[PDB]
Structures are given as C-alpha cells and as structure tokens.
file final_2.cif (mmCIF, C-alpha atoms and all ligand atoms)
data_upload
loop_
_atom_site.label_atom_id
_atom_site.label_comp_id
_atom_site.auth_asym_id
_atom_site.auth_seq_id
_atom_site.Cartn_x
_atom_site.Cartn_y
_atom_site.Cartn_z
CA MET A 1795 17.08 10.56 -7.62
CA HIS A 1796 17.52 11.65 -3.99
CA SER A 1797 14.58 14.04 -3.86
CA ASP A 1798 12.28 11.48 -5.50
CA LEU A 1799 13.22 8.66 -3.09
CA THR A 1800 13.51 10.50 0.26
CA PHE A 1801 9.91 11.68 -0.16
CA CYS A 1802 8.92 8.07 -0.72
CA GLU A 1803 10.51 7.16 2.59
CA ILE A 1804 8.54 9.93 4.36
CA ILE A 1805 5.21 8.90 2.83
CA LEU A 1806 5.85 5.20 3.45
CA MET A 1807 6.74 5.81 7.10
CA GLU A 1808 3.57 7.86 7.50
CA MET A 1809 1.47 5.16 5.86
CA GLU A 1810 2.98 2.44 8.10
CA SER A 1811 2.24 4.45 11.26
CA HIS A 1812 -1.24 5.50 10.11
CA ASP A 1813 -4.19 4.34 12.23
CA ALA A 1814 -5.93 2.74 9.27
CA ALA A 1815 -2.83 0.77 8.10
CA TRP A 1816 -3.59 -2.40 10.07
CA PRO A 1817 -4.82 -4.42 7.01
CA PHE A 1818 -1.68 -3.74 4.99
CA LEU A 1819 1.32 -4.14 7.27
CA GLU A 1820 2.06 -7.72 6.22
CA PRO A 1821 1.13 -9.81 3.14
CA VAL A 1822 -2.32 -11.35 3.05
CA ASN A 1823 -2.20 -15.03 4.01
CA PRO A 1824 -4.00 -16.96 1.24
CA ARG A 1825 -4.16 -20.05 3.47
CA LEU A 1826 -6.39 -17.97 5.73
CA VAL A 1827 -8.65 -16.11 3.27
CA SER A 1828 -10.77 -18.07 0.82
CA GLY A 1829 -10.34 -17.06 -2.80
CA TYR A 1830 -7.45 -14.61 -2.44
CA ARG A 1831 -4.92 -16.31 -4.67
CA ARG A 1832 -7.51 -16.90 -7.42
CA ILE A 1833 -8.44 -13.19 -7.59
CA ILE A 1834 -5.42 -11.10 -6.59
CA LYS A 1835 -2.71 -11.87 -9.10
CA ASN A 1836 -0.06 -9.42 -7.75
CA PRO A 1837 -0.41 -9.05 -3.97
CA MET A 1838 1.31 -6.11 -2.36
CA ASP A 1839 1.70 -4.69 1.11
CA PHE A 1840 3.59 -2.04 3.06
CA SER A 1841 6.23 -4.47 4.38
CA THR A 1842 7.04 -5.65 0.84
CA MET A 1843 7.30 -2.00 -0.17
CA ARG A 1844 9.61 -1.37 2.79
CA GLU A 1845 11.86 -4.32 1.94
CA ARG A 1846 12.11 -3.15 -1.66
CA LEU A 1847 12.76 0.47 -0.66
CA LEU A 1848 15.61 -0.34 1.75
CA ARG A 1849 17.05 -2.81 -0.78
CA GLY A 1850 17.39 0.04 -3.29
CA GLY A 1851 15.02 -1.54 -5.86
CA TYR A 1852 12.93 1.60 -6.59
CA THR A 1853 14.47 3.60 -9.44
CA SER A 1854 11.97 6.47 -9.59
CA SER A 1855 9.11 7.73 -7.47
CA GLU A 1856 6.59 6.47 -10.06
CA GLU A 1857 7.50 2.81 -9.42
CA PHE A 1858 6.89 3.40 -5.71
CA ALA A 1859 3.57 5.02 -6.60
CA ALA A 1860 2.66 1.94 -8.65
CA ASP A 1861 3.22 -0.46 -5.75
CA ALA A 1862 1.27 1.86 -3.42
CA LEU A 1863 -1.69 2.16 -5.77
CA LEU A 1864 -1.50 -1.64 -6.20
CA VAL A 1865 -2.21 -2.12 -2.46
CA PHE A 1866 -5.49 -0.23 -2.75
CA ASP A 1867 -6.50 -1.58 -6.15
CA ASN A 1868 -6.20 -5.13 -4.75
CA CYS A 1869 -8.07 -4.00 -1.64
CA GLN A 1870 -10.99 -2.70 -3.71
CA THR A 1871 -10.96 -5.78 -5.92
CA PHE A 1872 -11.28 -8.27 -3.07
CA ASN A 1873 -13.19 -6.44 -0.28
CA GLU A 1874 -16.53 -4.67 -0.40
CA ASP A 1875 -16.45 -0.95 0.26
CA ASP A 1876 -18.33 -1.35 3.55
CA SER A 1877 -16.19 -4.18 4.90
CA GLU A 1878 -13.71 -3.29 7.63
CA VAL A 1879 -10.64 -3.88 5.46
CA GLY A 1880 -12.47 -2.00 2.70
CA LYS A 1881 -13.20 1.08 4.85
CA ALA A 1882 -9.62 1.11 6.10
CA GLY A 1883 -8.37 0.89 2.53
CA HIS A 1884 -10.39 3.89 1.45
CA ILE A 1885 -8.91 5.94 4.30
CA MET A 1886 -5.41 4.76 3.35
CA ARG A 1887 -6.02 5.44 -0.34
CA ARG A 1888 -7.30 9.00 0.20
CA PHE A 1889 -4.35 9.68 2.53
CA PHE A 1890 -1.86 8.43 -0.08
CA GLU A 1891 -3.41 10.32 -2.99
CA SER A 1892 -3.54 13.63 -1.11
CA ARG A 1893 -0.01 13.25 0.31
CA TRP A 1894 1.46 12.28 -3.07
CA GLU A 1895 -0.18 15.35 -4.60
CA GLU A 1896 1.34 17.78 -2.09
CA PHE A 1897 4.78 16.73 -3.34
CA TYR A 1898 4.19 16.48 -7.11
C1 LIG B 1 -9.77 -9.67 5.17
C2 LIG B 1 -8.29 -10.03 5.13
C3 LIG B 1 -7.35 -8.88 4.74
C4 LIG B 1 -6.53 -8.23 5.64
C5 LIG B 1 -6.39 -8.43 7.15
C6 LIG B 1 -7.40 -8.83 8.07
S1 LIG B 1 -6.78 -8.88 9.55
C7 LIG B 1 -5.24 -8.43 9.21
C8 LIG B 1 -4.12 -8.31 10.23
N1 LIG B 1 -4.24 -9.22 11.07
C9 LIG B 1 -4.56 -8.74 12.35
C10 LIG B 1 -3.39 -8.84 13.32
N2 LIG B 1 -3.00 -10.19 13.47
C11 LIG B 1 -2.65 -10.84 12.26
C12 LIG B 1 -3.21 -10.20 10.97
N3 LIG B 1 -5.11 -8.19 7.85
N4 LIG B 1 -5.81 -7.32 4.97
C13 LIG B 1 -6.12 -7.35 3.68
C14 LIG B 1 -5.46 -6.42 2.66
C15 LIG B 1 -7.09 -8.33 3.49
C16 LIG B 1 -7.70 -8.70 2.12
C17 LIG B 1 -8.60 -9.92 1.90
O1 LIG B 1 -7.45 -8.04 1.17
#

call {"tool": "encode", "arguments": {"input": "final_2.cif", "output": "structure tokens"}}
result
Amino acid sequence: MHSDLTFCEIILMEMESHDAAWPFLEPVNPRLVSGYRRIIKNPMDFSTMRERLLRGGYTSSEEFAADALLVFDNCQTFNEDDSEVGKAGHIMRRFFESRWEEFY
C-alpha cells in the first residue's frame, strides 16, 4: 500500500542520515569481527533495507518494521550496552520506535 510504504521511505531516509547511524550503514564484515557469524544468524543493515525497499520487496510496513527491529536486536545480542556500537544502537532503536509510533 502506498501510504504504508512511503512512510517507510521517510523513516529509512531519516535513519540513514541520523548521527548515530554509523554502525549500521553497511553489513558487518565477519572477516573483521571475531565471533559474528557464529552468533548473528540473520545479519541486517540499513543498506540491505534500502536495496530491498527500492527493489519493491517489502509488501507491508510490518515487514519493514521486522528488518528494522532486526538491526537492533542483533546489535544488542552482539555488543554490550556500554560499547560504542551498543550506545549508538540504543539511540537508533529509541529513534525508530518513537518515529514508528507517530505514524501508527
Ligand atoms: C563492532 C563492529 C560493528 C559495527 C561497526 C564498527 S565500525 C563500523 C563502520 N566502519 C567505520 C567506517 N569505516 C568502515 C566501517 N561499523 N557495526 C555493527 C552493527 C557492529 C557489530 C559487531 O554488531
């Protein structure tokens, strides 16, 4: 639906340009971070979400919401809350939750 998807484009653009987005703009490189592929079974990032959105592959807003929440779930799984990626992820998670709620 047009209303459901256009809002997703707004929120995704805002998340990409957010100051705290730096840990999530491209996929994590498992060659570079010890243990990532063992622990995070479904990686996800904003650029993957952007590819899928432009491709047309999101049917409803809820699927979009699932990939978005997946970014921050994986973040909290792998990083401690006081790590730098951790802290950034909490800012990005609170931003997403609040913004999603002032649409739906
Ligand atoms: C700690 C690694 C990590 C990043 C991370 C660290 S640094 C970075 C961007 N880099 C800086 C610019 N040059 C190139 C890449 N992403 N993100 C996530 C979601 C991570 C984990 C383990 O979950």

call {"tool": "closest_atom_pairs", "arguments": {"input": "final_2.cif", "of": "chain A", "to": "ligand LIG 1 (chain B)", "cutoff": "7 Å", "atoms": "all atoms listed in the file", "output": "Markdown table"}}
result
| residue | atom | partner | partner_atom | distance |
| --- | --- | --- | --- | --- |
| A:1816 | CA | B:LIG1 | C8 | 5.9 |
| A:1817 | CA | B:LIG1 | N4 | 3.7 |
| A:1818 | CA | B:LIG1 | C14 | 5.2 |
| A:1822 | CA | B:LIG1 | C13 | 5.6 |
| A:1827 | CA | B:LIG1 | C17 | 6.3 |
| A:1830 | CA | B:LIG1 | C17 | 6.5 |
| A:1868 | CA | B:LIG1 | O1 | 6.7 |
| A:1869 | CA | B:LIG1 | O1 | 5.0 |
| A:1872 | CA | B:LIG1 | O1 | 5.7 |
| A:1873 | CA | B:LIG1 | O1 | 6.1 |
| A:1879 | CA | B:LIG1 | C1 | 5.9 |

call {"tool": "atom_distance", "arguments": {"input": "final_2.cif", "atom1": "atom CA of residue 1860 of chain A", "atom2": "atom CA of residue 1836 of chain A"}}
result
11.7 Å

call {"tool": "atom_distance", "arguments": {"input": "final_2.cif", "atom1": "atom CA of residue 1809 of chain A", "atom2": "atom CA of residue 1886 of chain A"}}
result
7.3 Å

call {"tool": "atom_distance", "arguments": {"input": "final_2.cif", "atom1": "atom CA of residue 1852 of chain A", "atom2": "atom CA of residue 1810 of chain A"}}
result
17.8 Å

call {"tool": "residues_near_point", "arguments": {"input": "final_2.cif", "point": "(-1.8, 10.0, -1.3)", "cutoff": "12 Å", "atoms": "all atoms listed in the file", "output": "list in words"}}
result
residues 1801, 1802, 1804, 1805, 1806, 1808, 1809, 1858, 1859, 1860, 1862, 1863, 1866, 1883, 1884, 1885, 1886, 1887, 1888, 1889, 1890, 1891, 1892, 1893, 1894, 1895, 1896, 1897 and 1898 of chain A

call {"tool": "closest_residue", "arguments": {"input": "final_2.cif", "among": "A:1845, A:1850, A:1881, A:1839", "to": "residue 1820 of chain A", "atoms": "all atoms listed in the file"}}
result
A:1839

call {"tool": "closest_residue", "arguments": {"input": "final_2.cif", "among": "A:1849, A:1837, A:1878, A:1812", "to": "residue 1824 of chain A", "atoms": "all atoms listed in the file"}}
result
A:1837

call {"tool": "build_atoms", "arguments": {"input": "final_2.cif", "residues": "segment 1866-1885 of chain A", "atoms": "N, CA, C and O atoms", "output": "mmCIF file, in the coordinates of the input"}}
result
data_model
loop_
_atom_site.group_PDB
_atom_site.id
_atom_site.type_symbol
_atom_site.label_atom_id
_atom_site.label_comp_id
_atom_site.auth_asym_id
_atom_site.auth_seq_id
_atom_site.Cartn_x
_atom_site.Cartn_y
_atom_site.Cartn_z
ATOM 1 N N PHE A 1866 -4.106 -0.655 -2.933
ATOM 2 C CA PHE A 1866 -5.490 -0.230 -2.750
ATOM 3 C C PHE A 1866 -6.374 -0.721 -3.881
ATOM 4 O O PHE A 1866 -7.563 -0.992 -3.661
ATOM 5 N N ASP A 1867 -5.808 -0.859 -5.078
ATOM 6 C CA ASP A 1867 -6.500 -1.580 -6.150
ATOM 7 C C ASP A 1867 -6.855 -2.994 -5.723
ATOM 8 O O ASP A 1867 -8.015 -3.403 -5.859
ATOM 9 N N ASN A 1868 -5.881 -3.763 -5.194
ATOM 10 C CA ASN A 1868 -6.200 -5.130 -4.750
ATOM 11 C C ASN A 1868 -7.238 -5.118 -3.654
ATOM 12 O O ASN A 1868 -8.142 -5.967 -3.630
ATOM 13 N N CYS A 1869 -7.101 -4.166 -2.717
ATOM 14 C CA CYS A 1869 -8.070 -4.000 -1.640
ATOM 15 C C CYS A 1869 -9.484 -3.849 -2.198
ATOM 16 O O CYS A 1869 -10.411 -4.563 -1.790
ATOM 17 N N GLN A 1870 -9.655 -2.957 -3.179
ATOM 18 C CA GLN A 1870 -10.990 -2.700 -3.710
ATOM 19 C C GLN A 1870 -11.493 -3.849 -4.549
ATOM 20 O O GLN A 1870 -12.702 -4.106 -4.583
ATOM 21 N N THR A 1871 -10.586 -4.567 -5.213
ATOM 22 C CA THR A 1871 -10.960 -5.780 -5.920
ATOM 23 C C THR A 1871 -11.551 -6.822 -4.975
ATOM 24 O O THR A 1871 -12.648 -7.333 -5.208
ATOM 25 N N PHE A 1872 -10.850 -7.135 -3.885
ATOM 26 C CA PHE A 1872 -11.280 -8.270 -3.070
ATOM 27 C C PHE A 1872 -12.373 -7.915 -2.052
ATOM 28 O O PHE A 1872 -13.298 -8.711 -1.848
ATOM 29 N N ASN A 1873 -12.287 -6.758 -1.386
ATOM 30 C CA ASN A 1873 -13.190 -6.440 -0.280
ATOM 31 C C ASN A 1873 -14.281 -5.475 -0.707
ATOM 32 O O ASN A 1873 -14.061 -4.598 -1.543
ATOM 33 N N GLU A 1874 -15.471 -5.629 -0.125
ATOM 34 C CA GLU A 1874 -16.530 -4.670 -0.400
ATOM 35 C C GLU A 1874 -16.290 -3.365 0.359
ATOM 36 O O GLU A 1874 -15.682 -3.341 1.435
ATOM 37 N N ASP A 1875 -16.799 -2.273 -0.220
ATOM 38 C CA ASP A 1875 -16.450 -0.950 0.260
ATOM 39 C C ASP A 1875 -16.874 -0.741 1.700
ATOM 40 O O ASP A 1875 -16.296 0.100 2.398
ATOM 41 N N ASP A 1876 -17.865 -1.495 2.173
ATOM 42 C CA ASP A 1876 -18.330 -1.350 3.550
ATOM 43 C C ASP A 1876 -17.766 -2.405 4.485
ATOM 44 O O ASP A 1876 -18.126 -2.412 5.665
ATOM 45 N N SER A 1877 -16.909 -3.294 4.002
ATOM 46 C CA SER A 1877 -16.190 -4.180 4.900
ATOM 47 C C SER A 1877 -15.164 -3.386 5.693
ATOM 48 O O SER A 1877 -14.823 -2.254 5.343
ATOM 49 N N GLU A 1878 -14.653 -3.999 6.768
ATOM 50 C CA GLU A 1878 -13.710 -3.290 7.630
ATOM 51 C C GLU A 1878 -12.376 -3.053 6.922
ATOM 52 O O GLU A 1878 -11.832 -1.938 6.960
ATOM 53 N N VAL A 1879 -11.846 -4.079 6.249
ATOM 54 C CA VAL A 1879 -10.640 -3.880 5.460
ATOM 55 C C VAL A 1879 -10.902 -2.869 4.352
ATOM 56 O O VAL A 1879 -10.081 -1.981 4.102
ATOM 57 N N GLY A 1880 -12.040 -2.994 3.665
ATOM 58 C CA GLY A 1880 -12.470 -2.000 2.700
ATOM 59 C C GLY A 1880 -12.430 -0.571 3.232
ATOM 60 O O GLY A 1880 -11.721 0.275 2.666
ATOM 61 N N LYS A 1881 -13.174 -0.281 4.310
ATOM 62 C CA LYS A 1881 -13.200 1.080 4.850
ATOM 63 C C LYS A 1881 -11.788 1.577 5.165
ATOM 64 O O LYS A 1881 -11.419 2.725 4.849
ATOM 65 N N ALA A 1882 -10.981 0.714 5.786
ATOM 66 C CA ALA A 1882 -9.620 1.110 6.100
ATOM 67 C C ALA A 1882 -8.844 1.445 4.836
ATOM 68 O O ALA A 1882 -8.065 2.407 4.804
ATOM 69 N N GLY A 1883 -9.060 0.660 3.781
ATOM 70 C CA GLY A 1883 -8.370 0.890 2.530
ATOM 71 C C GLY A 1883 -8.770 2.200 1.883
ATOM 72 O O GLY A 1883 -7.937 2.875 1.276
ATOM 73 N N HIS A 1884 -10.036 2.589 1.996
ATOM 74 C CA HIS A 1884 -10.390 3.890 1.450
ATOM 75 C C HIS A 1884 -9.715 5.019 2.230
ATOM 76 O O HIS A 1884 -9.224 5.985 1.628
ATOM 77 N N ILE A 1885 -9.642 4.906 3.560
ATOM 78 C CA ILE A 1885 -8.910 5.940 4.300
ATOM 79 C C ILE A 1885 -7.440 5.967 3.859
ATOM 80 O O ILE A 1885 -6.852 7.044 3.648
#
